[PDB]
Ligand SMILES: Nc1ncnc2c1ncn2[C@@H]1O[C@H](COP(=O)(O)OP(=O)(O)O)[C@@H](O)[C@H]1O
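Given next, in structure tokens, is a single chain: the form deposited without this ligand.
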């Protein structure tokens, strides 16, 4: 009922996103076996919702009346996301109380396993009294190999609201553009080989092409687990070396019944057939496409919502003419889309339901489950920051192409 200082040694580091630090259970307790703990970070860059936020989520009252951030996230997933993606692939998590000492203790424990830049940006928020418990989907429900993909955005904007100068956002994906800016900022060592347009394309061959690329340059988009311990990918991690490639190949023996050296290609095909067969990407894409207008459109609607004069227009007379009702719907939908754009997918495998994949070369049958994880509510205030960042992306790409 309250996790204490002594309980902190039963949880081991699993990884983290921007918002959360995730630990896995390594103790004996039947309440916690096969679970992970999600803990919110105190951003040194940054009560539950702002005034303008409360007006935006007005429609869903259980949300606006959340005692704390944990409950907020749980309810966001439960009442907004689940109705849209379905309960089969989404899990909302359960509240648990935690002591300041537990948090303080956990934070100290995992410091030397965290990337230094992550430490530099944020620590655990020791002021929270709560945390979230979720099923660990790197366990199935024998051996279990599991694969985490963070697909990002898989479509091109179409909007009337993209500026004349910015038209390259129409041909070239956001992830591809951002890659270039990230490189410039020493955030990544080399450009990723991944193109989400392939992953979401609905073409089987392009799906396998995306998986091969994800294997190649995982960065923060690909991870593989054997029974919970990480065996590929990182934070963002560098290109897959022969060293990496061999360690992974070895870790796969037994699970993939193929000749030494041919296990990897089998595995990648296995992942591809699962993603594609499950059609789980199509439904995520429909939620992504709730960004109907692109940030270059939506931004105008935001300034109406907060009741400020629009700086983006200077000294369209079309979005500012919409009813306030409609303006909220649009911005609301923009923020949901942002959730779907930044979540990840976990596909769990175990040897053999109508849910399975066949390995043509080996004759094995693998069962699989797919779950959407890392689904965060996005603060409304970020609408201003989305526009700035988008602008920085596109201006830098145009500048790279200006150097023909």
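Residue numbers count along the first chain shown, from 1. For clarity, a rigid core is taken as the largest C-alpha set superposing within 1.5 Å between two forms.
Keep in mind the form solved in complex with this ligand is missing from the figure; the text below concerns it.
- The three residues 38, 225 and 373 all sit with a heavy atom within 4.5 Å of this ligand in the entry with it bound.
- Residue in contact with this ligand in the entry with it bound (any heavy atom within 4.5 Å), chosen from 135, 258, 240, 269: 135.
- In the entry with it bound, residue 22 approaches this ligand with a heavy atom inside 4.5 Å.
- The closest heavy atom approach of residue 148 to this ligand in the entry with it bound falls within 4.5 Å.
- In the entry with it bound, this ligand sits beyond 4.5 Å of every heavy atom of residue 357.
- Residue 346 belongs to the set of residues with a heavy atom inside 4.5 Å of this ligand in the entry with it bound.
- Per-residue Cα shift between the shown form and the other one after core alignment stays below 2 Å for all of 203, 120, 171, 308 except 120.
- Between residue 115 and residue 175, the Cα distance is greater in the entry with it bound than in this structure, by no less than 3 angstroms.
- Compared with the form shown here, the C-alpha atoms of residue 337 and residue 117 sit at least 3 Å farther apart in the entry with it bound.
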